[PDB]
Amino acid sequence: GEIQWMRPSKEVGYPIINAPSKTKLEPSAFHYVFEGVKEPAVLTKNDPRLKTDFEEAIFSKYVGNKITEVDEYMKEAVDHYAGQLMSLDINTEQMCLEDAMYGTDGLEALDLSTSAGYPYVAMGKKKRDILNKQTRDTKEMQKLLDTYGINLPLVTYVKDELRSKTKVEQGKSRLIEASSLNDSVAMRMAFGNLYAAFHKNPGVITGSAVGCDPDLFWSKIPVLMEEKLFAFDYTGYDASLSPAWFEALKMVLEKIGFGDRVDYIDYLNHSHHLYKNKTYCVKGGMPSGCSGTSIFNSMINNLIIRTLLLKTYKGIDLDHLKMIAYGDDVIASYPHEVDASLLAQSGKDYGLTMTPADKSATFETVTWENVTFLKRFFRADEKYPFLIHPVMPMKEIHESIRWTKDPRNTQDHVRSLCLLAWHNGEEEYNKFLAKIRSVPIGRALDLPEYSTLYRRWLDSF
RNA sequence: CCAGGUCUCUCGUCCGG
RNA sequence: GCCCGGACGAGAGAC
Ligand SMILES: [Mg+2]
Ligand SMILES: [Mg+2]
Ligand SMILES: [Zn+2]
């Protein structure tokens with residue numbers, strides 16, 4: 001994905017849009033109790049901890065476009081993935097304006113607590129003003145759509161989130177693209193019934209984990225995979241995608257019944273953004289923040305992966321591929337072992353930078369013991385070996401607990417980390433409750449007992 | 001006084017059948 | 001006791 005230009009937006013009659021200049025993350029009651037190497041992310045160029053040109057670091061990810069042409073391997077990939085989806089019987093009609101705004105089975109309402117994007121952002125206009133959950137009124141949304149139409153530009157923001165040291169020093173903050181409310185509504189009428197089907201069908205048919213619950217889904221996964229695993233992450237996913245893959249997606253969409261709205265994918269593939277004072281244009285790259293981000297990412301991942309198998313392993317039977325993706329994050333399997341270092345190598349050709357799922361340096365043989373998906377390991381219970389624990393490392397839970405965006409949230413936050421930690425077992429969960437209680441405010445919280453969590457888990461089956 | 005997207009899951013608070 | 005739904009908030013995870 002590549003940047004086509006940049007100019008003060010004044011010079012094209014777009015407003016200047018300046019976001020906050022401070023992190024909302026303050027150190028936690030438990031800041032010294034537990035340890036961590038993570039600090040809040042760079043939000044502005046004038047950030048002391050910076051050891052590089054910020055704005056060159058944030059846009060650094062647009063590494064350009066390798067391919068533009070759907071080659072023969074991508075086509076068979078497209079052919080195979082789409083045939084898979086065909087079995088889901090995905091209703092291919094537009095979704096009515098009411099359900100696109102307000103939600104329906106498989107599709108949540110629009111988040112009323114996030115902004116309406118351009119132009120509303122610059123008019124001091126909010127989704128709340130426009131949307132009414134109680135009435136489900138589409139009248140005013142229709143007016144605005146009539147008035148401002150679609151394909152509006154996306155307002156760029158740096159995510160306020162925790163970040164490692166190298167990433168605070170190399171100014172590697174993550175960038176989100178504020179989709180316009182008009183385009184979310186438009187995107188969801190076109191595609192609501194597709195999003196819905198994906199949400200309802202986590203697993204190896206969709207090749208997507210969107211809609212899953214790790215506490216319950218970890219027990220499904222090993223039974224769904226083939227005998228040997230391989231797994232991946234990608235460096236800069238959204239921004240590493242060339243238009244070739246977007247065409248491939250368009251072709252998939254056409255094949256399953258969405259031919260008429262495949263043009264929405266071009267607005268994704270060639271997009272315009274507003275960032276502080278500038279205004280820029282990108283070709284290729286996923287505008288992370290647009291409706292469908294997760295679905296389209298995960299769908300493309302399924303294409304990418306089929307492609308490389310076809311190109312690296314002649315006579316590979318894709319009907320024995322079993323893979324689950326969450327955006328770039330993927331765990332995959334095949335009846336016989338495959339070499340992720342080779343697949344990755346071929347990957348390099350289509351513009352992809354592929355890694356082990358943990359962003360380790362070198363690929364290892366992937367086993368039910370080392371594999372990770374969404375950061376969690378897999379660990380059979382000791383009493384019931386068919387039930388599998390999603391095991392998130394305490395290291396991650398330690399990082400989280402050390403900060404707060406608001407201290408009035410400590411009960412919920414810390415309680416929520418308990419529902420992740422106890423999968424590390426009683427001995428480690430109980431040591432956790434120790435440290436939390438090693439200070440006054442901890443002893444204020446209502447934390448659940450290992451046995452309560454264990455009984456809920458088992459009962460939940 | 002507020003600025004920061006698209007989502008999934010879970011927890012919590014409150015209100016319903 | 002067991003469901004089912006609603007509104008708000010929070011954490012985690014993907015981008
Ligand atoms: Mg990535
Ligand atoms: Mg990932
Ligand atoms: Zn242009």
# chains A, B, ... in the order shown; residues from 1 in each chain; ligands from 1

call {"tool": "interface_residues", "arguments": {"of": "chain A", "to": "chain B", "cutoff": "10 Å", "atoms": "only C-alpha atoms (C1' of nucleotides)", "output": "compact mmCIF listing (two decimals) with N, CA, C and O atoms, in the first residue's frame"}}
result
# COMPACT_ATOMS: atom_id res chain seq x y z
N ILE A 17 -7.79 19.12 11.23
CA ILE A 17 -8.39 18.31 12.29
C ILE A 17 -7.33 17.84 13.26
O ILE A 17 -6.57 16.92 12.94
N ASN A 18 -7.27 18.47 14.43
CA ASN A 18 -6.24 18.11 15.41
C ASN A 18 -6.77 17.37 16.63
O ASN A 18 -7.69 17.83 17.32
N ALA A 19 -6.18 16.20 16.88
CA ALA A 19 -6.64 15.29 17.91
C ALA A 19 -5.98 15.65 19.23
O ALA A 19 -5.16 16.56 19.28
N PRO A 20 -6.34 14.93 20.31
CA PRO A 20 -5.70 15.23 21.60
C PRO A 20 -4.19 15.04 21.50
O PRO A 20 -3.72 14.38 20.57
N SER A 21 -3.46 15.63 22.43
CA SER A 21 -2.00 15.60 22.39
C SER A 21 -1.45 14.93 23.63
O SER A 21 -0.26 15.02 23.92
N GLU A 108 -24.40 -5.90 15.35
CA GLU A 108 -24.58 -4.87 16.37
C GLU A 108 -24.96 -3.50 15.82
O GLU A 108 -24.59 -3.17 14.70
N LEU A 110 -24.67 0.62 15.43
CA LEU A 110 -23.48 1.42 15.26
C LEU A 110 -23.07 1.91 16.63
O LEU A 110 -23.93 2.30 17.42
N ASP A 111 -21.78 1.90 16.92
CA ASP A 111 -21.30 2.41 18.19
C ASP A 111 -21.59 3.89 18.39
O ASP A 111 -20.90 4.75 17.84
N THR A 114 -18.71 6.50 19.68
CA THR A 114 -17.57 6.89 18.85
C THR A 114 -18.03 7.95 17.84
O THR A 114 -19.24 8.13 17.67
N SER A 115 -17.11 8.65 17.18
CA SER A 115 -17.51 9.84 16.41
C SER A 115 -18.14 9.52 15.07
O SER A 115 -18.02 8.40 14.58
N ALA A 116 -18.82 10.50 14.48
CA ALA A 116 -19.45 10.34 13.18
C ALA A 116 -18.52 10.58 11.98
O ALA A 116 -18.91 10.40 10.84
N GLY A 117 -17.28 10.99 12.25
CA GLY A 117 -16.28 11.17 11.21
C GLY A 117 -16.42 12.45 10.43
O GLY A 117 -17.04 13.40 10.89
N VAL A 121 -17.52 15.55 12.19
CA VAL A 121 -16.44 15.79 13.13
C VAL A 121 -16.14 17.27 13.19
O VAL A 121 -15.86 17.81 14.26
N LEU A 154 -11.43 9.67 5.13
CA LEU A 154 -11.34 9.09 6.47
C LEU A 154 -10.38 9.88 7.32
O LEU A 154 -9.25 10.13 6.90
N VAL A 155 -10.81 10.27 8.51
CA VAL A 155 -9.97 11.08 9.39
C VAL A 155 -8.99 10.25 10.18
O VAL A 155 -9.39 9.38 10.96
N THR A 156 -7.70 10.53 9.99
CA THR A 156 -6.64 9.74 10.60
C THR A 156 -6.34 10.17 12.04
O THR A 156 -6.24 11.37 12.32
N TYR A 157 -6.23 9.17 12.93
CA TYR A 157 -5.94 9.37 14.35
C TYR A 157 -4.87 8.39 14.81
O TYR A 157 -4.78 7.28 14.29
N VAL A 158 -4.04 8.79 15.77
CA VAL A 158 -3.10 7.84 16.37
C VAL A 158 -3.75 7.20 17.59
O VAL A 158 -4.33 7.90 18.45
N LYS A 159 -3.67 5.88 17.66
CA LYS A 159 -4.31 5.18 18.74
C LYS A 159 -3.57 5.43 20.06
O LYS A 159 -2.37 5.20 20.17
N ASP A 160 -4.32 5.93 21.04
CA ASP A 160 -3.87 5.96 22.42
C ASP A 160 -3.86 4.51 22.98
O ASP A 160 -4.91 3.98 23.37
N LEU A 175 -1.89 3.71 13.70
CA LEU A 175 -2.81 4.68 13.10
C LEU A 175 -4.16 4.07 12.77
O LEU A 175 -4.24 3.06 12.09
N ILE A 176 -5.24 4.71 13.24
CA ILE A 176 -6.59 4.30 12.81
C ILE A 176 -7.25 5.32 11.86
O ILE A 176 -6.95 6.51 11.87
N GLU A 177 -8.17 4.83 11.04
CA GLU A 177 -8.82 5.66 10.04
C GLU A 177 -10.28 5.84 10.41
O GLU A 177 -11.08 4.94 10.19
N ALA A 178 -10.64 6.98 10.98
CA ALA A 178 -12.04 7.23 11.31
C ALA A 178 -13.01 7.22 10.11
O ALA A 178 -13.24 8.23 9.46
N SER A 179 -13.61 6.07 9.85
CA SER A 179 -14.66 6.00 8.85
C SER A 179 -15.79 6.96 9.15
O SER A 179 -16.17 7.17 10.32
N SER A 180 -16.34 7.53 8.09
CA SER A 180 -17.49 8.42 8.16
C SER A 180 -18.73 7.60 8.45
O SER A 180 -18.87 6.47 7.99
N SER A 184 -20.09 4.06 6.90
CA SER A 184 -20.45 2.90 7.72
C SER A 184 -21.87 2.42 7.40
O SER A 184 -22.07 1.27 7.05
N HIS A 199 -19.91 -13.49 11.63
CA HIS A 199 -20.15 -13.48 13.06
C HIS A 199 -20.80 -14.76 13.57
O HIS A 199 -20.37 -15.33 14.57
N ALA A 209 -12.23 -16.31 12.97
CA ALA A 209 -12.57 -16.44 14.39
C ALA A 209 -13.40 -15.28 14.93
O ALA A 209 -13.69 -15.25 16.13
N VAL A 210 -13.78 -14.33 14.07
CA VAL A 210 -14.67 -13.24 14.47
C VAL A 210 -16.02 -13.81 14.91
O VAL A 210 -16.69 -14.52 14.15
N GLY A 211 -16.43 -13.54 16.13
CA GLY A 211 -17.63 -14.14 16.68
C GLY A 211 -17.38 -15.30 17.63
O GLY A 211 -18.32 -15.92 18.14
N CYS A 212 -16.11 -15.61 17.88
CA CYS A 212 -15.78 -16.72 18.77
C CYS A 212 -15.61 -16.23 20.22
O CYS A 212 -15.51 -15.03 20.50
N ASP A 213 -15.58 -17.20 21.12
CA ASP A 213 -15.37 -16.96 22.53
C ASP A 213 -14.26 -17.91 22.91
O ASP A 213 -14.49 -19.10 23.00
N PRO A 214 -13.05 -17.38 23.11
CA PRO A 214 -11.91 -18.26 23.39
C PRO A 214 -12.16 -19.30 24.51
O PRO A 214 -11.78 -20.44 24.34
N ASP A 215 -12.79 -18.92 25.61
CA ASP A 215 -13.11 -19.88 26.66
C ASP A 215 -13.82 -21.14 26.16
O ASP A 215 -13.74 -22.18 26.80
N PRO A 287 -7.91 0.50 4.83
CA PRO A 287 -8.13 1.63 5.74
C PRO A 287 -8.70 1.14 7.07
O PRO A 287 -9.92 1.18 7.26
N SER A 288 -7.84 0.67 7.97
CA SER A 288 -8.26 0.15 9.27
C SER A 288 -9.13 1.15 10.00
O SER A 288 -8.67 2.20 10.43
N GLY A 289 -10.41 0.83 10.14
CA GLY A 289 -11.33 1.80 10.68
C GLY A 289 -12.57 1.84 9.83
O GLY A 289 -13.58 2.45 10.20
N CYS A 290 -12.50 1.21 8.67
CA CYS A 290 -13.63 1.21 7.76
C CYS A 290 -14.52 0.03 8.14
O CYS A 290 -14.07 -0.91 8.78
N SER A 291 -15.80 0.08 7.77
CA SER A 291 -16.68 -1.05 8.02
C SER A 291 -16.19 -2.30 7.30
O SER A 291 -15.99 -2.28 6.09
N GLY A 292 -15.99 -3.37 8.05
CA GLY A 292 -15.56 -4.63 7.48
C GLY A 292 -14.11 -4.97 7.71
O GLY A 292 -13.71 -6.10 7.46
N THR A 293 -13.32 -4.02 8.20
CA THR A 293 -11.89 -4.23 8.47
C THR A 293 -11.52 -5.68 8.84
O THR A 293 -10.81 -6.37 8.11
N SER A 294 -12.02 -6.14 9.97
CA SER A 294 -11.81 -7.51 10.44
C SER A 294 -12.27 -8.62 9.51
O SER A 294 -11.54 -9.60 9.30
N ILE A 295 -13.49 -8.51 9.01
CA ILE A 295 -13.95 -9.48 8.02
C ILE A 295 -13.02 -9.50 6.79
O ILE A 295 -12.48 -10.56 6.45
N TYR A 326 -7.99 -14.23 12.23
CA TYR A 326 -8.59 -13.06 12.84
C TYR A 326 -7.80 -11.88 12.34
O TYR A 326 -6.85 -11.44 13.00
N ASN A 409 -12.47 2.74 37.35
CA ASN A 409 -12.71 1.47 36.65
C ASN A 409 -11.91 0.29 37.21
O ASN A 409 -11.82 -0.73 36.53
N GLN A 411 -12.23 -1.96 39.65
CA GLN A 411 -12.91 -3.20 39.91
C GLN A 411 -13.07 -3.96 38.58
O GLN A 411 -12.54 -5.06 38.42
N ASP A 412 -13.77 -3.36 37.63
CA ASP A 412 -14.02 -4.01 36.34
C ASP A 412 -12.72 -4.43 35.62
O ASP A 412 -12.64 -5.52 35.03
N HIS A 413 -11.72 -3.58 35.66
CA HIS A 413 -10.52 -3.84 34.88
C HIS A 413 -9.86 -5.07 35.46
O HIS A 413 -9.72 -6.08 34.78
N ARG A 415 -10.92 -7.23 37.73
CA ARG A 415 -11.77 -8.39 37.64
C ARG A 415 -11.66 -9.02 36.24
O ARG A 415 -11.53 -10.25 36.12
N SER A 416 -11.69 -8.20 35.20
CA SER A 416 -11.61 -8.70 33.82
C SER A 416 -10.31 -9.44 33.50
O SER A 416 -10.32 -10.40 32.74
N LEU A 417 -9.19 -8.97 34.06
CA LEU A 417 -7.90 -9.67 33.98
C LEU A 417 -7.89 -10.99 34.74
O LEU A 417 -7.15 -11.90 34.38
N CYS A 418 -8.71 -11.11 35.78
CA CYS A 418 -8.84 -12.39 36.49
C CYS A 418 -9.44 -13.48 35.60
O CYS A 418 -9.08 -14.65 35.73
N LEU A 419 -10.35 -13.10 34.71
CA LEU A 419 -10.99 -14.09 33.87
C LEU A 419 -10.04 -14.56 32.76
O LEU A 419 -10.36 -15.47 32.01
N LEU A 420 -8.88 -13.93 32.67
CA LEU A 420 -7.86 -14.35 31.72
C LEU A 420 -6.78 -15.13 32.44
O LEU A 420 -6.25 -16.11 31.92

call {"tool": "residues_near_ligand", "arguments": {"ligand": "ligand 1", "cutoff": "6 Å", "atoms": "only C-alpha atoms (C1' of nucleotides) and all ligand atoms", "output": "PyMOL selection string"}}
result
chain A and resi 233-237+328

call {"tool": "write_last_selection", "arguments": {"atoms": "C-alpha atoms", "output": "mmCIF file, in the first residue's frame"}}
result
data_model
loop_
_atom_site.group_PDB
_atom_site.id
_atom_site.type_symbol
_atom_site.label_atom_id
_atom_site.label_comp_id
_atom_site.auth_asym_id
_atom_site.auth_seq_id
_atom_site.Cartn_x
_atom_site.Cartn_y
_atom_site.Cartn_z
ATOM 1 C CA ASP A 233 1.301 -13.008 11.976
ATOM 2 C CA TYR A 234 2.093 -10.290 9.387
ATOM 3 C CA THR A 235 4.152 -7.126 9.762
ATOM 4 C CA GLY A 236 1.986 -4.115 8.928
ATOM 5 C CA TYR A 237 -1.004 -5.990 7.491
ATOM 6 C CA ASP A 328 -3.701 -11.281 9.978
#

call {"tool": "interface_residues", "arguments": {"of": "chain C", "to": "chain A", "cutoff": "12 Å", "atoms": "only C-alpha atoms (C1' of nucleotides)", "output": "list in words"}}
result
residues 6, 7, 8, 9, 10, 11, 12, 13, 14 and 15 of chain C

call {"tool": "select_by_dssp", "arguments": {"residues": "stretch 61-216 of chain A", "states": "helix (DSSP H, G or I)", "output": "PyMOL selection string"}}
result
chain A and resi 61+72-86+97-102+120-123+127-130+139-148+165-169+181-199+214-216

call {"tool": "residues_around", "arguments": {"residues": "residue A:243", "least_positions_apart": "3", "cutoff": "6 Å", "atoms": "only C-alpha atoms (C1' of nucleotides)", "output": "PyMOL selection string"}}
result
chain A and resi 68+246+284

call {"tool": "residues_near_ligand", "arguments": {"ligand": "ligand 3", "cutoff": "10 Å", "atoms": "only C-alpha atoms (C1' of nucleotides) and all ligand atoms", "output": "CSV table (one decimal) with N, CA, C and O atoms, in the first residue's frame"}}
result
chain,number,residue,atom,x,y,z
A,4,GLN,N,0.0,8.4,-2.2
A,4,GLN,CA,0.0,9.0,-3.5
A,4,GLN,C,0.3,10.5,-3.4
A,4,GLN,O,0.9,11.1,-4.3
A,5,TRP,N,-0.1,11.1,-2.3
A,5,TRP,CA,0.3,12.5,-2.1
A,5,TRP,C,0.0,13.1,-0.7
A,5,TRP,O,-0.5,12.4,0.2
A,270,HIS,N,-8.6,2.5,-2.9
A,270,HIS,CA,-8.1,3.9,-3.2
A,270,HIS,C,-8.8,4.9,-2.4
A,270,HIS,O,-9.9,5.3,-2.7
A,271,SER,N,-8.2,5.3,-1.3
A,271,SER,CA,-8.9,6.1,-0.3
A,271,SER,C,-8.2,7.5,0.0
A,271,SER,O,-7.0,7.7,-0.3
A,272,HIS,N,-8.9,8.3,0.7
A,272,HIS,CA,-8.4,9.7,1.0
A,272,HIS,C,-8.6,9.9,2.5
A,272,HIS,O,-9.6,9.5,3.1
A,280,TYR,N,-4.2,13.3,2.4
A,280,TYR,CA,-3.4,12.3,1.5
A,280,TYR,C,-4.2,11.2,0.9
A,280,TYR,O,-5.4,11.0,1.3
A,281,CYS,N,-3.6,10.5,0.0
A,281,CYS,CA,-4.4,9.5,-0.8
A,281,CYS,C,-3.5,8.2,-0.9
A,281,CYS,O,-2.3,8.3,-1.0
A,282,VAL,N,-4.2,7.1,-0.8
A,282,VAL,CA,-3.5,5.8,-0.7
A,282,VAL,C,-4.1,4.9,-1.7
A,282,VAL,O,-5.3,4.9,-2.0
A,283,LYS,N,-3.2,4.0,-2.2
A,283,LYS,CA,-3.7,3.0,-3.2
A,283,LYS,C,-3.2,1.6,-2.8
A,283,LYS,O,-2.0,1.4,-2.7

call {"tool": "closest_residue", "arguments": {"among": "A:219, A:173, A:355, A:345", "to": "ligand 2", "atoms": "only C-alpha atoms and all ligand atoms"}}
result
A:355
